[PDB]
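Okay, so here's the structure we're looking at.
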Amino acid sequence: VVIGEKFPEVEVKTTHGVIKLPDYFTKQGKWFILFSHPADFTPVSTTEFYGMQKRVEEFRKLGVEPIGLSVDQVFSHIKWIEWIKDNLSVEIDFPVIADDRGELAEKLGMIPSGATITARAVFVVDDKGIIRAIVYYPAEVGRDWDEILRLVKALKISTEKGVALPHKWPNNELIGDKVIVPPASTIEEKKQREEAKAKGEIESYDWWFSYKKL
Amino acid sequence: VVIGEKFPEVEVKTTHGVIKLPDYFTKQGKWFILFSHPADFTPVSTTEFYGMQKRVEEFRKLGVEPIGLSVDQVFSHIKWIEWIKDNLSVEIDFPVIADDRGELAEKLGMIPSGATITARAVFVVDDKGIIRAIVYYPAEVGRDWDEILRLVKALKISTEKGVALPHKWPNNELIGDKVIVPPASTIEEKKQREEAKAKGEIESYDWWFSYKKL
Amino acid sequence: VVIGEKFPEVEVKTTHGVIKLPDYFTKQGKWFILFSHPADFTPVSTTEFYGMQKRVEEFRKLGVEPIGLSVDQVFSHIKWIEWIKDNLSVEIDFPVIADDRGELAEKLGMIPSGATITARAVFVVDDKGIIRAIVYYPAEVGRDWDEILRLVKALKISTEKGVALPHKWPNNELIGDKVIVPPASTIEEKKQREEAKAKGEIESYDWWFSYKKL
Amino acid sequence: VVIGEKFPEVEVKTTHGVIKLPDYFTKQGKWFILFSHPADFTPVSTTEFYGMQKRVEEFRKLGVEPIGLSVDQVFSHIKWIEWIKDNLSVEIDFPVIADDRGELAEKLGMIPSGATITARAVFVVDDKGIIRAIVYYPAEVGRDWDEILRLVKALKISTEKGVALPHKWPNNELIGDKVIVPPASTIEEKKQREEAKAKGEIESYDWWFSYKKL
Amino acid sequence: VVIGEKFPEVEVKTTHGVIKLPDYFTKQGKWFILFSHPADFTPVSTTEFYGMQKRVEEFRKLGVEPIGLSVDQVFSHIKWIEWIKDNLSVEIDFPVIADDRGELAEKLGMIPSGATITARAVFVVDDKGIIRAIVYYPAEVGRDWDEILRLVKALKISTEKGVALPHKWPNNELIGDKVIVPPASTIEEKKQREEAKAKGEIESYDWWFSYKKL
Amino acid sequence: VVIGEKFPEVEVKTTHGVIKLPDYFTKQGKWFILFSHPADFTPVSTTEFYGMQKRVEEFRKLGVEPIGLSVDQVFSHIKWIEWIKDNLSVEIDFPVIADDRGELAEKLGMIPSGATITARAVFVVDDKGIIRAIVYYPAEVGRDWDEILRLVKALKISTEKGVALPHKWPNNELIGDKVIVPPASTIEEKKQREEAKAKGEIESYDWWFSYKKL
Amino acid sequence: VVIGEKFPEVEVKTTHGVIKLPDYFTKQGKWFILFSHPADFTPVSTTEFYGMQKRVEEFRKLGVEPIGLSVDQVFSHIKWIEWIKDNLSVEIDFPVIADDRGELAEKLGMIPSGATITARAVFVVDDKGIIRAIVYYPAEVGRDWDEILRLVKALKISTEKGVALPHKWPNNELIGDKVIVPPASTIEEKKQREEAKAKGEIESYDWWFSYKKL
Amino acid sequence: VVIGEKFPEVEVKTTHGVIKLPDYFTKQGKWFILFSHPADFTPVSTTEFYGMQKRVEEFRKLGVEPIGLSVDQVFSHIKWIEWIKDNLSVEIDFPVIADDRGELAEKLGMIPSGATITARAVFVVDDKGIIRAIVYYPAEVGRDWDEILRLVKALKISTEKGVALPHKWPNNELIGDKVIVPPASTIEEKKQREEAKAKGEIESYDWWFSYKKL
Amino acid sequence: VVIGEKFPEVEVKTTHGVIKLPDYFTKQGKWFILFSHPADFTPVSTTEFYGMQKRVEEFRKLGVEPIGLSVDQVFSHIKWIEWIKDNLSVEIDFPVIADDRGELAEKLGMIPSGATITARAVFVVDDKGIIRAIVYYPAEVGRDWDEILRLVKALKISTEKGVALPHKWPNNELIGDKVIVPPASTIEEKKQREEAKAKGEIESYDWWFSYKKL
């Protein structure tokens, strides 16, 4: 699969029951961050789930429901979740998919080459069922969820206000926290933004590169 | 195309001449980071190039060479490089591929569903010419090259020193900038993670959760 | 494709926006002249652009709208048009196609074996959506638009009057600016051509070679 | 078939006997120009053979050989060639092919949709036996051979000097009879246009737009 | 195709304009004889054409309509006809087909193995549109139209009176111009060949071998 | 199969034993006349066998061996040939194929559609084993062997002298028993025909219509 | 797969490490029992595991190695084995297979329609590599290893001796702990069984039914 | 065909007449037990047969109908049944399938590799047509009908209530005649296990491992 | 399989052990008669076995070995043969095939329509392994062995003596015990049959109908 493609209609087994994806989150009107980790009782994974559980609320806060995945069975899952409450006193309250066989993993390009288990996948899906962004980190390197946070904060704003987010927004070295207007794409769209700039009420390095604070 | 797979043998038209991948870089014993942006003369893409040029030297220290890509021709490639020089006073000195047709884009799944151009793709490739990690952000959201910097600093450590790196490394909530020892995959291996902890040369939360200092 | 086929039903992203081909011209009862050129920001293609532009209102006065094509992206199209104003004091106002990946290109045989970009193709297409003529000129030899001008002029009259046009019409070293009457193709037509002559309503060299003043 | 391909190895029946194309011409280090006309004993076509004959030694002297083609048999050809002598005081002395069934015509895309005869096709092939340009004019509109001369004169020069000819060369509106230099496609190539310019080795409208006398 | 087979439905270009086989003839309750010849302006063929015109009224008085075919174009046909009229003092008035590409030729197996033109093929089709006899002669041997006449006479009488014509009829060595009775094919027909001879209403060599005057 | 095709390698059951066509006759440097008849003990076939046997020595004289065929069996073949001698006082000495299942028939196009036995087919096959002429007469119309004589006669002379025979040769109405020169198919051949006339080496109506006495 | 079939050559990740089946065991001269259990940390499967480990040394004395298998990963295996030692005071020392993707599990037919894990399955494979018996028990019913113990005992002796083993043997209702001689399959084997029974050394109910003490 | 599959609709000839499985039994609300023996008139097979009739009424007490199958025919089936009466005083009141050509055998995978006859297979099918367990014992090792009994018993209970049975039940090492509760597979499901335990209505070892009396 | 076909190479399970067909009879110089019967313990098939045993030494005397077949197994073969002795005081001593699965029954088309077993097939196979005659008799009607005797005597004499046997030989109504000479199939053989008569070595009804004494 690739960005833009509708997330496959698929039936999965989880720690929270058996759910219909992407239906489950979309008929409620909610986005989701589907992320994978290589295996249960593995150190980096454990450190990551930790990060996510300190952050679940902020994602939930922005209408996006986290959801883990692995090629383990729900049994190994709940035994690992329990372990987390007992050794790092943190209770995991986001569903965690058991992909017993690796069908969803494979369907989703989550599994490496000559590997039998997933690596570190992130899938971001909006209420339309559309996969909005994808990330693949390998087993030997854990992610940074604040970057994924940043990303999702940008996706949401992009879709809500019809605008583009610069490099490293809100901390862009050139326009600070300012947002970007999808560049003109016609002659009757240069004309146009050449108004706004010499008129108002829009900042602009040239007709394609135009911006404004939010 | 997938993590751990060999980067494909292809010839590319770039702003620095015609070359062969991965060989061009691997022959010099070098990693390269390959990144696509949608179009030349588009705002985020530009915030992103500026962002990269500001970091070029850091990547290069690590023997990682950035190389850019868009389905645009080389001719507006340079004219766009010039507009970066005239209007942002920064001087792109990393090659950038003219993927006229996007054959290379397609092969690497950088083109989203139903679009005709690339989105924002990141491919980390090492000296063996293995795809180590892959990133796919959409057009609406710029990347953050610092997160890629982190990711590649860690890959170089992982390859170099046979360890793993935890969430948000080197600033993990649990173990800060200490590094992880791969989980035991055999009975025998678990016996000796326990010998390593036996006053020896490792901290732990369990036998599968082992970690030391740099 | 071949002379006399209906121009493919295609949607193309151009500089006056997105438009249905050929419906966007044939619905105004207007012929169009589709022409390809290698790349934006190449010298010859620019000369040809100047040539076309200063010749535009003659094609337009005949009911024939020029439209260019290139494997570059629309953004770079508009910058190149910008360059041509600020450098050749000419305001390009015919629409140009960003065939981003060269699909239309390919579907029209505009790309040379081994190439990834178009040559200098020309397609003349009437208000019936029918391809009337086709020209492939290499990258290295720019066209001379007055020949195209000569072609449409002849084409329009042939459709309008039901006659043919001799070599180099209206400057034909034999019958000058005279039109040719389509050759008799039966034994009857043969007698009609002959009826005429000996009167006559036409001049001829032989029964199959009838010609008159318009 | 498209520009830049090898002209198909094919054995043809002609008015000068049976011969292998392209071999027979390229063996002699010669280019050739193959042109189709719909039918023997037709007017437009007749006027074009006159026009071509009057131009023959001109092509021949550039090292370029004309050769005709229709879907008639050679027995007709000859009667037609004879009619021309008796009637127009012209002796035809270039070979013309009898493509009895239209095999070769079809390979070369010469037959309009729904036709059973070729229209007015033109293929310039060089001594390396490469199709260099192709023209498709319908039966209804005589060619202008002087453009084909223009066209071929320029090809010779492009090949001979490594240059590109502008629009309507050698009468180009911007640069007269000057020949354009292939655009630089690399950073280092741009630095050398920007340096040949300062040293008066070249005029320029920019770094991609450079030119000179031969 | 094969004797007894129904003649294919086909549109054809002829010297009497475009027409539809077999219909054009079968709608008038007419038979027709289709004969190919190699090429216009070839001698044998010319000898055969003259002979066919000498015999045309013969053929038409029987309700059988001759029609030619070669792979030449119609324009070439008419000049050929003219030459005949002006040189042999014979005015050709049966239609002749231009099978530009020899499509119909190929279908009716009129094209010799490895030639590209028809031979001297003859088809006889009745008023039901049925192929009743086929002859295939090579370029190098002219036909004898009389034998076709002899044949076409039999065919008629054959269909008229439900009977067989013997060898070389009406000049047969054993029974002269007497006609043959279709052999008894059953016991209960054998009986009544024998009774009809008992009467004397039939001469016979034996029960199968039965014959009589008309 | 078609004229100019090599006769298919085949093993037949005959009245003179088993033999291999065309090998048996061609390895002997001989032609052969293959002919079919619908069945044994039918009248018209029987009249044709009288006809043939009576001419047998005229074919043989020319070195062509008549060989018959019939979907019947060898036993019937003999009984019928015994009948012919007994009642017609004539003794068949040419071999006759028992195509028991009419395979060689079907291979050879001999069976009418709708039918399960042969019609009246003829094949002239030369010493080279080429199918040189083909004839298909229906069951109800006998042949006239006198034409097939003329036919083979002509076919031979053709081969030996490299000439073509006119319509009805040796009794063509324009040129009697004179032979035809194969028509010039180049301009240089055309001059060679022109020189042959005025040198009185040859008679002619035109450069392409030239003939001489044998 | 099916009884009597050679065991499929496979690479397996185990608790003891990567091994090659059936090789590892067969090269050492040993048999093995491969058995599936549904999942790790599952109650019924824990009872069978415990059951298996009490009995391990009985099986290993016979020259038979047990090897288990689950569809979850190795880390969970060692963590389960852990809990079994902590909560059951027994230290599992046979190899367990982590069939990550349930590959070998589908190969060997271990997974129920509508399911994605293994049930309760037993494969007994001799030193030659041959599957000797196959058991499929569902998840809802634990096995009884004594039965399997019985099974392999019989097996060893069967191969060892060339005798069959009656129902419930060594406790057969009818003939006790005696074993069975293979039923005569020829007339002559009938006559040799009948011999050595009464006035012989062996007992029977009939020529085919023949048993003895061990 | 694997545990859990619907037993295939099929017609079989047996000793009680021609019957439709699994319908015949399941339309009665009865479970059936299908089993294969290698041949009629074999020792092991008769020891298993007697043994089977001895228990028949235990299986029927549970509404489980036993049904036999070999690749012999009905006729010699009944002789064999008769032989068992005459020599072993046991009437046989369960039908036995004549699978004449091994058709149903092959379908149910009861034929060994390289063989032409069934081994010792056991198919257990609940009243819904569901295959519930499968056993493949070789010819040379008679089964143990008692273990099948323990199996069918558990089955009937686990269906009839909603429980799972431990290893060797009703004599398990850890819990004797205690049934087990399906391991918790949701968060909520581990929840209700823990609260139910500390309410002495469930007796446990951990949240998954839960047991009780009838 | 069909008369004149070589007998399939096949290995069979017989009451006389395992043999290869047809090698085990033809290695020996013997013919074999293979007959099938429907099933063991069948009335008709017994009466037939009875009759065949009675005739065994007749078939053997002429070097032909009888061999039986049913789709029953070898054990029910021997029990039935036993029955035949103990019940009709006759001792079967020709081998018989247990075609367990009807594999050879199929190969030979011995199995009736919709049936699952054979009926009364007979195959006479010569020293060279050729199938020489075949008789398909239904279940519902038994063979008359003497006709098979008759047949196989004829068949042997015919092979041995270069001749053919008349209807109901040796009691043919027309020639009694005399034998027929194969019908001449060529003219020269017809010739050589009429010389043999008129000499006095041959008797005759016609040339094709020759007979003589042993």
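Each chain in the structure tokens gets a letter, A, B, ..., in the order shown, and its residues are numbered from 1; ligands are numbered from 1 in order too.
Summary of the local environment: counting only C-alpha atoms, residues at most 7 Å from residue D:110, other than itself and those fewer than 3 positions away along its chain, are residues 105, 106, 118, 119 and 121 of chain D.
Between chain A and the candidates C:104, C:34, C:96, C:90, the tightest atom-to-atom separation, counting only C-alpha atoms, involves C:96.
Secondary structure of stretch 29-167 of chain D, strand (DSSP E) only (DSSP, backbone atoms): residues 31, 32, 33, 34, 35, 36, 64, 65, 66, 67, 68, 69, 70, 96, 97, 98, 120, 121, 122, 123, 124, 125, 131, 132, 133, 134, 135, 136 and 137 of chain D.
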Write a file of the just-selected residues containing C-alpha atoms, as a PDB file, in the first residue's frame.
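out.pdb, freshly written:
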```pdb
ATOM      1  CA  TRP D  31      21.085   9.320 -45.410  1.00  0.00           C
ATOM      2  CA  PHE D  32      17.748   8.802 -47.104  1.00  0.00           C
ATOM      3  CA  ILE D  33      14.326  10.327 -47.097  1.00  0.00           C
ATOM      4  CA  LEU D  34      11.373   7.989 -47.487  1.00  0.00           C
ATOM      5  CA  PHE D  35       8.039   9.569 -48.393  1.00  0.00           C
ATOM      6  CA  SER D  36       4.668   8.051 -49.034  1.00  0.00           C
ATOM      7  CA  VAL D  64      20.594  12.473 -48.638  1.00  0.00           C
ATOM      8  CA  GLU D  65      18.692  10.108 -51.002  1.00  0.00           C
ATOM      9  CA  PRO D  66      14.954  10.411 -51.776  1.00  0.00           C
ATOM     10  CA  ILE D  67      12.843   7.253 -52.082  1.00  0.00           C
ATOM     11  CA  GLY D  68       9.056   7.063 -52.631  1.00  0.00           C
ATOM     12  CA  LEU D  69       6.404   4.576 -51.495  1.00  0.00           C
ATOM     13  CA  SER D  70       2.805   3.756 -52.201  1.00  0.00           C
ATOM     14  CA  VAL D  96      10.018   4.437 -55.554  1.00  0.00           C
ATOM     15  CA  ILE D  97       8.757   1.350 -53.589  1.00  0.00           C
ATOM     16  CA  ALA D  98       5.869  -0.945 -54.497  1.00  0.00           C
ATOM     17  CA  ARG D 120       1.731  11.522 -46.966  1.00  0.00           C
ATOM     18  CA  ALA D 121       4.352  10.212 -44.623  1.00  0.00           C
ATOM     19  CA  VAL D 122       7.952  11.414 -44.298  1.00  0.00           C
ATOM     20  CA  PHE D 123      10.876   9.635 -42.564  1.00  0.00           C
ATOM     21  CA  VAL D 124      14.425  11.078 -42.518  1.00  0.00           C
ATOM     22  CA  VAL D 125      16.973   8.380 -41.678  1.00  0.00           C
ATOM     23  CA  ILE D 131      14.892   7.483 -37.915  1.00  0.00           C
ATOM     24  CA  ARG D 132      15.664  11.152 -37.210  1.00  0.00           C
ATOM     25  CA  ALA D 133      12.255  12.808 -37.930  1.00  0.00           C
ATOM     26  CA  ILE D 134       8.741  11.756 -39.127  1.00  0.00           C
ATOM     27  CA  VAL D 135       5.882  13.663 -40.774  1.00  0.00           C
ATOM     28  CA  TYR D 136       2.231  12.611 -41.328  1.00  0.00           C
ATOM     29  CA  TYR D 137       0.196  14.764 -43.714  1.00  0.00           C
TER      30      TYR D 137
END
```
Test item: residues at most 10 Å from stretch 188-191 of chain F, only C-alpha atoms, excluding those fewer than 5 positions along its chain, as a short mmCIF file (atom, residue, chain, number, x, y, z; two decimals) with C-alpha atoms, in the first residue's frame:
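After the write, out30.cif holds the following:
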```
data_model
loop_
_atom_site.label_atom_id
_atom_site.label_comp_id
_atom_site.auth_asym_id
_atom_site.auth_seq_id
_atom_site.Cartn_x
_atom_site.Cartn_y
_atom_site.Cartn_z
CA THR D 15 11.53 0.80 -59.57
CA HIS D 16 15.29 0.36 -59.32
CA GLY D 17 15.08 -3.29 -58.27
CA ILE D 78 6.50 3.00 -64.10
CA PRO F 183 7.13 -7.77 -67.88
CA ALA F 196 14.96 -5.56 -77.87
CA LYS F 197 12.33 -3.86 -80.04
CA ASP F 206 4.40 -1.73 -74.97
CA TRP F 207 7.62 -1.96 -72.91
CA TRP F 208 5.68 -4.22 -70.52
#
```
Up to 7 Å from chain E, what residues of chain F turn up? Count only C-alpha atoms and give them as a short mmCIF file (atom, residue, chain, number, x, y, z; two decimals) with N, CA and C atoms, in the first residue's frame.
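And here is the file that came out, iface.cif:
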```
data_model
loop_
_atom_site.label_atom_id
_atom_site.label_comp_id
_atom_site.auth_asym_id
_atom_site.auth_seq_id
_atom_site.Cartn_x
_atom_site.Cartn_y
_atom_site.Cartn_z
N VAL F 2 -2.21 -23.55 -50.41
CA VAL F 2 -2.27 -22.55 -51.51
C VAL F 2 -1.28 -22.87 -52.62
N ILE F 3 -1.48 -22.29 -53.81
CA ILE F 3 -0.44 -22.34 -54.87
C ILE F 3 0.93 -21.84 -54.39
N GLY F 4 1.98 -22.52 -54.85
CA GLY F 4 3.34 -22.15 -54.53
C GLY F 4 3.75 -22.75 -53.21
N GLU F 5 2.84 -23.45 -52.56
CA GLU F 5 3.16 -24.15 -51.32
C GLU F 5 3.83 -25.47 -51.69
N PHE F 41 -17.92 -46.04 -58.37
CA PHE F 41 -19.25 -46.41 -58.82
C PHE F 41 -20.21 -45.22 -58.75
N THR F 42 -19.78 -44.11 -59.33
CA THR F 42 -20.63 -42.94 -59.59
C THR F 42 -20.37 -42.57 -61.08
N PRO F 43 -21.39 -42.01 -61.76
CA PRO F 43 -21.26 -41.91 -63.21
C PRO F 43 -20.19 -40.93 -63.67
N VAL F 44 -20.33 -39.68 -63.26
CA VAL F 44 -19.44 -38.64 -63.72
C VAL F 44 -17.97 -38.95 -63.41
N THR F 47 -16.90 -41.39 -66.04
CA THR F 47 -16.60 -40.77 -67.33
C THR F 47 -15.25 -40.07 -67.30
N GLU F 48 -14.87 -39.51 -66.14
CA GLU F 48 -13.59 -38.82 -65.99
C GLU F 48 -12.39 -39.77 -66.03
N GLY F 51 -11.75 -40.73 -69.57
CA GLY F 51 -11.09 -39.52 -70.09
C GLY F 51 -9.60 -39.45 -69.79
N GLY F 109 -8.09 -29.26 -48.82
CA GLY F 109 -9.24 -28.43 -49.13
C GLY F 109 -10.21 -29.11 -50.06
N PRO F 112 -15.99 -30.36 -49.84
CA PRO F 112 -16.93 -29.21 -49.71
C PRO F 112 -17.50 -29.04 -48.29
N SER F 113 -17.79 -27.81 -47.84
CA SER F 113 -18.40 -27.66 -46.50
C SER F 113 -19.79 -28.26 -46.55
N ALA F 133 -0.39 -25.37 -59.54
CA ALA F 133 -1.75 -24.96 -59.94
C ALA F 133 -2.79 -25.83 -59.19
N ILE F 134 -3.94 -25.24 -58.84
CA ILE F 134 -5.02 -25.99 -58.14
C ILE F 134 -6.38 -25.76 -58.77
N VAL F 135 -7.17 -26.83 -58.93
CA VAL F 135 -8.55 -26.70 -59.45
C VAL F 135 -9.57 -27.44 -58.58
N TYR F 136 -10.70 -26.79 -58.29
CA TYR F 136 -11.79 -27.40 -57.51
C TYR F 136 -13.13 -27.36 -58.25
N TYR F 137 -13.51 -28.46 -58.91
CA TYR F 137 -14.80 -28.59 -59.57
C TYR F 137 -15.75 -29.39 -58.68
N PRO F 138 -17.06 -29.03 -58.65
CA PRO F 138 -18.06 -29.69 -57.80
C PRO F 138 -18.46 -31.07 -58.33
N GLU F 140 -21.16 -32.38 -59.25
CA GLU F 140 -22.15 -32.37 -60.33
C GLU F 140 -21.61 -31.86 -61.68
N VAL F 141 -20.39 -31.33 -61.71
CA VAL F 141 -19.82 -30.89 -62.98
C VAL F 141 -18.50 -31.58 -63.23
N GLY F 142 -18.44 -32.37 -64.29
CA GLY F 142 -17.24 -33.10 -64.63
C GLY F 142 -16.15 -32.12 -65.03
N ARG F 143 -14.92 -32.61 -65.16
CA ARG F 143 -13.84 -31.82 -65.71
C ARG F 143 -13.80 -31.99 -67.20
N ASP F 144 -12.87 -31.28 -67.81
CA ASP F 144 -12.53 -31.49 -69.21
C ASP F 144 -11.03 -31.62 -69.13
N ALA F 154 1.57 -25.85 -70.62
CA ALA F 154 1.99 -24.47 -70.44
C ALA F 154 2.91 -24.36 -69.25
N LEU F 155 2.51 -24.96 -68.15
CA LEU F 155 3.28 -24.91 -66.93
C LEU F 155 4.74 -25.32 -67.17
N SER F 158 6.89 -22.82 -69.56
CA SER F 158 7.13 -21.79 -68.58
C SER F 158 8.44 -22.03 -67.79
N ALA F 164 5.96 -16.54 -70.00
CA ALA F 164 4.53 -16.71 -69.65
C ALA F 164 3.64 -17.00 -70.88
N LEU F 165 2.56 -17.75 -70.68
CA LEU F 165 1.64 -18.08 -71.77
C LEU F 165 0.38 -17.23 -71.69
N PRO F 166 -0.05 -16.69 -72.84
CA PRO F 166 -1.20 -15.81 -72.90
C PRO F 166 -2.52 -16.55 -72.66
N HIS F 167 -3.62 -15.79 -72.70
CA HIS F 167 -4.92 -16.39 -72.54
C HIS F 167 -5.11 -17.39 -73.65
N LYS F 168 -5.63 -18.56 -73.32
CA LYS F 168 -5.89 -19.60 -74.33
C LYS F 168 -4.67 -20.12 -75.14
N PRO F 183 7.13 -9.22 -67.71
CA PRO F 183 7.13 -7.77 -67.88
C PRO F 183 8.21 -7.06 -67.06
N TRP F 208 6.11 -3.18 -71.47
CA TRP F 208 5.68 -4.22 -70.52
C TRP F 208 4.88 -5.36 -71.17
N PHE F 209 4.57 -5.19 -72.45
CA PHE F 209 3.83 -6.19 -73.18
C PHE F 209 4.65 -6.65 -74.37
#
```
Open item on the list: Please extract the residues of stretch 28-97 of chain E with a backbone DSSP assignment of helix (DSSP H, G or I) and present them as an NGL selection string.
Closed with: :E and (43-54 or 56-60 or 74-88)
Those selected residues, please, written with C-alpha atoms and delivered as a compact mmCIF listing (two decimals), in the first residue's frame.
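The file below, again-v3.txt, is the result:
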```txt
# COMPACT_ATOMS: atom_id res chain seq x y z
CA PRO E 43 0.64 -8.84 -70.58
CA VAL E 44 -0.94 -12.23 -69.89
CA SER E 45 -3.52 -10.45 -67.72
CA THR E 46 -4.14 -8.04 -70.54
CA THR E 47 -4.57 -11.04 -72.88
CA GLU E 48 -7.05 -12.51 -70.39
CA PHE E 49 -8.97 -9.30 -70.01
CA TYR E 50 -9.48 -8.95 -73.76
CA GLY E 51 -10.76 -12.52 -73.95
CA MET E 52 -13.16 -11.90 -71.08
CA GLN E 53 -14.61 -8.84 -72.77
CA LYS E 54 -15.07 -10.80 -76.03
CA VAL E 56 -18.88 -10.92 -71.53
CA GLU E 57 -22.32 -11.00 -73.19
CA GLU E 58 -22.06 -14.77 -73.39
CA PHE E 59 -21.70 -14.80 -69.63
CA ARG E 60 -24.34 -12.19 -69.02
CA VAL E 74 -8.68 1.83 -58.78
CA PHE E 75 -6.84 4.81 -60.35
CA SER E 76 -4.31 2.45 -61.81
CA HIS E 77 -7.23 0.20 -63.02
CA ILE E 78 -8.79 2.92 -65.05
CA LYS E 79 -5.55 3.93 -66.85
CA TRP E 80 -5.00 0.25 -67.53
CA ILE E 81 -8.50 0.03 -69.05
CA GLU E 82 -7.87 3.19 -71.09
CA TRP E 83 -4.65 1.72 -72.48
CA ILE E 84 -6.59 -1.37 -73.48
CA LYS E 85 -9.26 0.75 -75.21
CA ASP E 86 -6.71 2.95 -76.99
CA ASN E 87 -4.39 -0.01 -77.95
CA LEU E 88 -6.59 -3.08 -78.49
```
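As for atom CA of residue F:73 and atom CA of residue F:99, they are spaced 7.2 Å apart.
With atom CA of residue B:13 on one side and atom CA of residue B:149 on the other, the separation reads 26.1 Å.
With atom CA of residue B:100 on one side and atom CA of residue D:161 on the other, the separation reads 27.2 Å.
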